[PDB]
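Presented below, as structure tokens, is a lone chain in the form solved without the named molecule.
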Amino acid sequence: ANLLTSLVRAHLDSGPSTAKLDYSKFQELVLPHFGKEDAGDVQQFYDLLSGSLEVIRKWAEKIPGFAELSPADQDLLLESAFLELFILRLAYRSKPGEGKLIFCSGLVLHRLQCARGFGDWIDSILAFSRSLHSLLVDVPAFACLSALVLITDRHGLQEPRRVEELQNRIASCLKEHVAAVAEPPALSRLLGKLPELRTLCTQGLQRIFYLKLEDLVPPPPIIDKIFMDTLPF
């Protein structure tokens, strides 16, 4: 499809090539003081989140039809889907067999270098990365799934039906692609992994809550807004 193509091109452009990975701050072994953190750790955590949102916005806008939605709908879909998108894209990108996390800037950091600011969450993201990698999801299938995480029913949408339409389009796209490779829903093996992902979004929220308590440095406003908006109370 020209849709699939658009989706894949959008995806690849939203992340680094093996060519341009950034190992400058990579350290194969760091010795941290666990269960505890300084302001630099927390800043880096927030910076990394912030960087993903900016990248994800730009990625979202290259999804056909996404850019035509109500501006409020655009923001809503992006806020509701951000953590889950951050985790999924990071898990798909990273190499858990080397304990290394790869961010969308190309930045490469090791489990131990993130342990301070992310806490346990980073270990659990890595566990998910393993389990994701074991179902072997090709880039076009991923380019569809990521879009599907974003483009989905959320409470408060102004034009729920346009969103559902755009959902339907992307789901067909995925279906045809899956048939092109191997005539099917299948998929259920992958959805079996989706509880792990929900849980990981919760951990994310819990971590931010905790850092917000501690307040060594305050969250960036956009991240803080998402934190608050996505709380069902």
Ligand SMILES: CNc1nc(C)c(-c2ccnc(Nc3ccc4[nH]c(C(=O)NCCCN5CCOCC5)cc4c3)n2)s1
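Position 1 is the first residue in the sequence shown; the rest follow in order.
Although it is not shown, the form deposited with the named molecule bound is what the next lines describe.
In the bound PDB entry, the named molecule sits within 4.5 Å of a heavy atom of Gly15. A residue is said to contact a partner when one of its heavy atoms sits within 4.5 Å of a partner heavy atom; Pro71 fails this definition for the named molecule in the bound PDB entry, lying far away. Of the heavy atoms in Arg116, none are within 4.5 Å of the named molecule in the bound PDB entry. Among heavy atoms of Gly97, some come within 4.5 Å of the named molecule in the bound PDB entry. Residues of 104 to 143 that come within 4.5 Å of the named molecule in the bound PDB entry, judged by any heavy atom, are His133, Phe142 in sequence order.
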